[PDB]
Each structure stands twice: as structure tokens, then as C-alpha cells.
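Have a look at the structure below before the remarks.
Here Cβ is always computed from backbone atoms with ideal geometry, including for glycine, and neighbour counts include all displayed protein chains. No lab work stands behind these numbers, since they all come straight from the coordinates.
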Amino acid sequence: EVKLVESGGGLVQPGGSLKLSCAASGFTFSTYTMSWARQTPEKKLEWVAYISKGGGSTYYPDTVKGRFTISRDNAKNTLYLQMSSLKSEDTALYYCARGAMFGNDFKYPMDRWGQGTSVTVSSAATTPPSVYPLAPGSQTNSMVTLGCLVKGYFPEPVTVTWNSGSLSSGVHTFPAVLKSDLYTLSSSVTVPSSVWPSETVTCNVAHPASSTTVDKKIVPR
Amino acid sequence: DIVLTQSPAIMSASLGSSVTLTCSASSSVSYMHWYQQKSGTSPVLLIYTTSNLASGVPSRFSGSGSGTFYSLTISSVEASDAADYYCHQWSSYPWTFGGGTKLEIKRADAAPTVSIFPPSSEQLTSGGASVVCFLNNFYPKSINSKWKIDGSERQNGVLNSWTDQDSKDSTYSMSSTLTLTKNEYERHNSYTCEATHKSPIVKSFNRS
């Protein structure tokens, strides 16, 4: 199927530059126009840029015109977004999208959006998270809920998985909340009491911006 | 710079019923398109060129419109429809999007499964002390969490975060984190978190 994968996001100081990439597959890249869009921290969706199939024409909204340049290298099946003179208003999750296209007497809007790459424009330095295991204090249940506390990091985001991703059922990863300029997030997982602590349960946390990776084992108190 | 207005911002629907979401424009537009955004994923195209269903989209979705007034109709709501819906136009530069309407699914009230956790020995060693409480799989969204230290309510230093509505059972879950200093924590013994709405679910532990 059509797949777009963005990369290149990170923390940048105001006035700085960053180049995003988007690897495409599942369709003939060279015959399609492409675009970039973004979702702001407030969750608003915004169109960012548009480029012709051959790269000969580009379009932008006034908010980024003159600062952002969309480009493509058809030989690499890759789309790019060079950002410069970055502003706090540019902080967002950036998405690569196929289109938009005029065709079959139909107007096809941007589609097959990638899952995105995050960009934060701030003067604050990156702070790695402290990852703590959450184990029951006191068994009294056939299902046991365990957790992972990812505390005091900047900026968003972080990725959390359980048992390298092999444990995906019964999970709730909560949205991060800001306090004193740092984010805190948590994740819970509920498993059969016969599986923990008789067996292993580990929280895998990654914070790309700080080159942080933590595989925290949850052990009984 | 066409403004697309989606009101109400939040709508509630019963399982099996039909609901219509609207999008009004500040300027006449030739066509309107619609996206659906579910928890943790990027927007997915539902309807293009006003009334055409995108590949893989259930037929219970439909769209109509003209001029400055467009709409999206869901013939019979399913639990999986819990999501944000956005209208979009690309007939004129700059391409724009509506603010979105969140569709909430109604279900039976459900008490949360509450789990409380004391600070990890690891955190204590760093000088901090966070107490965590999960309130999982409850309904409605509006729930109140209360922290009590040695029998008295503690209001400051509490961070609460709700998940988006669940696509399968239509419940919500929330995490409440009480942040104290290590000394503060060591100065008290009883820690409790109470979940109430309209009777509560209470969990607690003694530091000692």
C-alpha cells in the first residue's frame, strides 16, 4: 500500500534551520504531486507546502513563504522540507502527504498522510526523562495493572512500549502534561496476575531529542 | 484564508443512530473534503470532492454540500467512529481546514478500575517522590479524582491527563500524578486517591 515515512524532526532554537525528509513507497512517486502539512500543539491542522510532480512549481501559504522550501529528489523517491528562520509558531508535528491531484474529473486532496515527525522551536535545552517503574505497593486481583512514569523531559515527544512491543494489549499511554517547563507522562498495562511477577514485564522508553533510551523492568516491591 | 467553521466542536451520538456534522465557509468554495483523526494516528481521508467515499471507507459515511455550507453524515454510529472530523478545502490558496468536531459515543456509566502506586525506590534516591493513580476504563468522561495525605485532601502538585475515548468499549482512562518532594513524602504515611462522579472507588497505601 501507499506509505510515507517522515524523519528529521527535532528541537531547534528560534531563528534556526532544520531539514525534514519523507521516504515514499507503494506508488509511482514521479507521477504524483506531493505536500507537507502540520498539526500544531493546539491540534489545529495547517497546510504547509505543495510541489509539482517534477519539482518545477511550488506553492506555500503566507505563514511560511520565504522561509520554507519544499523540494523532491525523484531518484531517491524522497520529498524534503527545508525550514529556516524558525519561529515558535512553527512548532508542530509535520506530515508528508501524497497530492493534491486534479484527475478523473475529481479533485483528490492530500492523502495517505505519514505518521509525522515532530519539530519544536524553543530556546530551552533538551532534558532527558527519568523513567520510573510503577509496581503495586501491597495479591488481590486476577488482573494486575503496572505502570511506567516518564518524568521531567523536554521537549515532546517520547515513545513508550511494553516488552519491546510484544505486549500491546491492555495498554493506556496518557498524554503528557507540562509543569515547571518540563513534561511528565505515564503508561499503564494490565496483565493476568499469573503472568507477573512470575514472568518479565518491561517498559521501553525513548526520547530521541536527548538520545535517551530506557528499558525499565517492573519488579515487585 | 477561507475560514471553515465546524460547530458544535463536540457532538454526542448513540450507537446505531445517524448524525450529521457541518462545516460553513467564509467564502463560496467549489468542493469540500473530510478527514477523520483517531487517537495516535494522522488524519485519514474519508470524503473527497464533497460526496465521494475514499478507498476503504464504510458506506455509512456520506457527504453533501454547496456554496458555503457542507456536511458529513454517519448513517448509523459505531463505537469505532469516536474521533475528530475535519473539513478541508483546496479550491483556493491557501488551502484551509476547519477546527474539527469531536464525535463522542454514548454508553452506560462505568466505574473506573483504580490502581495506586507509591514512589519507586529509584525516584526517592533522586530526591523526588511522585505518587501515581490510574483510573481506567470509566464513563462518562467527567470524573473527579481526589488525593488525600494522612486523611486530608491535597490539591496542589496534581497533574491529570485523560486518554481519547476508546474505539472498542467507548470508555475513557485518566492518570493522576501527585508530585511531592522526598522529605515531604517521608513526613506522612497514608496516601489515598478517590475516584468520584455521582459511591467512589478508593485505593490507598501506607508508606510504612
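In percent, how large is the relative contact order of region A:16-121, given Cα pairs closer than 8 Å and 6 or more residues apart? Please report the intermediate quantities before stating the final value.
Details: 220 pairs, mean separation 32.5, N = 106.
About 31 percent, as a whole number.
Would you kindly state how much longer the chain becomes between B:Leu124 and B:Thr196 on full extension, computed as 0.36 nm times their sequence separation minus their alpha carbon distance, in nm to one decimal? Provide the component values of the computation, followed by the final result.
Working: separation 72, 0.36 × 72 = 25.92 nm, distance 2.95 nm.
Gain on extension, B:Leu124 to B:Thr196, equals 23.0 nm.
Over all directions, what mean area does the Cα convex hull of the protein assembly as shown project, stated in square nanometres? Display every interim value, and only then the final one.
Numbers: hull surface 89.1 nm².
It is 22.3 nm².
Can you tell me what the convex hull of the Cα atoms of chain A projects to on average, as an area in nm²?
Working: hull surface 60.6 nm².
For the Cα atoms of chain A, the hull's average projected area reads 15.2 nm².
Let me confirm the definition first: pairs of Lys residues in chain A, 8 or more apart or on different chains, C-alpha distance under 18 Å. How many are there?
Step by step, the pairs that qualify in chain A add up to 13.
Counting only other chains, what is the mean number of Cβ atoms within 10 angstrom of the Cβ of each residue in peptide B:29-39?
Numbers: counts 0, 1, 3, 1, 6, 1, 5, 0, 4, 0, 2.
Averaged over the peptide's residues, the number is 2.
Just how many pairs of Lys in chain B have C-alpha atoms closer than 25 Å, counting pairs that are eight or more places apart or on different chains?
For chain B, the number of qualifying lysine pairs is 21.
What FRET efficiency comes out for the pair A:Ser166/A:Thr63, r = Cβ-Cβ distance, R0 = 56 Å, nearest 0.05?
Details: r = 43 Å, r/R0 = 0.76.
It comes out at approximately 0.85.
On full extension of the chain, what length is gained from B:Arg187 through B:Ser92, given 0.36 nm per residue of separation minus the C-alpha to C-alpha distance?
Working: separation 95, 0.36 × 95 = 34.20 nm, distance 6.35 nm.
Gain on stretching B:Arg187 to B:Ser92: 27.9 nm.
In nm, what is the difference between 0.36 nm times the number of residues separating B:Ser26 and B:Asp1 and their Cα-Cα distance? Walk me through the numbers on the way to the answer.
Working: separation 25, 0.36 × 25 = 9.00 nm, distance 0.90 nm.
Stretched out fully, the B:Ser26 to B:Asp1 stretch lengthens by 8.1 nm.
On the first, second and third principal axes, largest extent first, how far apart are the outermost C-alpha atoms of region A:124-221 in Å?
Extents along the principal axes, in whole Å: 45, 24, 21.
Return P(r) of region B:98-157 (all Cα-Cα pairs; 10 Å bins starting at 0; whole %; ordered from short to long distances).
In whole percents, the pair-distance histogram is 16, 34, 28, 17, 6.
Report the rotationally averaged projected area of region B:16-65 based on its alpha-carbon convex hull, in square nanometres.
Result: a mean projected hull area of 4.5 nm².
For the pair B:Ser204/B:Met11, report the inter-label distance in nm, with labels modelled 7 Å from Cα in the Cβ direction.
Label-label distance for B:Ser204 and B:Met11, simple model: 4.6 nm.
When the scattering of region B:108-207 is computed by the Debye formula from its Cα atoms alone, each counted once and equally, what is log10 I(q)/I(0) at q = 0.16, 0.18, 0.22 Å⁻¹?
Rounded to two decimals, the profile gives -0.66, -0.80, -1.08.
For region A:31-112, go through all pairs of different Cα atoms, get the mean of 1/r, take its inverse, and jot down that Kirkwood value in Å. The partial results should precede the final answer.
Values: mean 1/r = 0.0753 Å⁻¹.
The answer is 13.3 Å.
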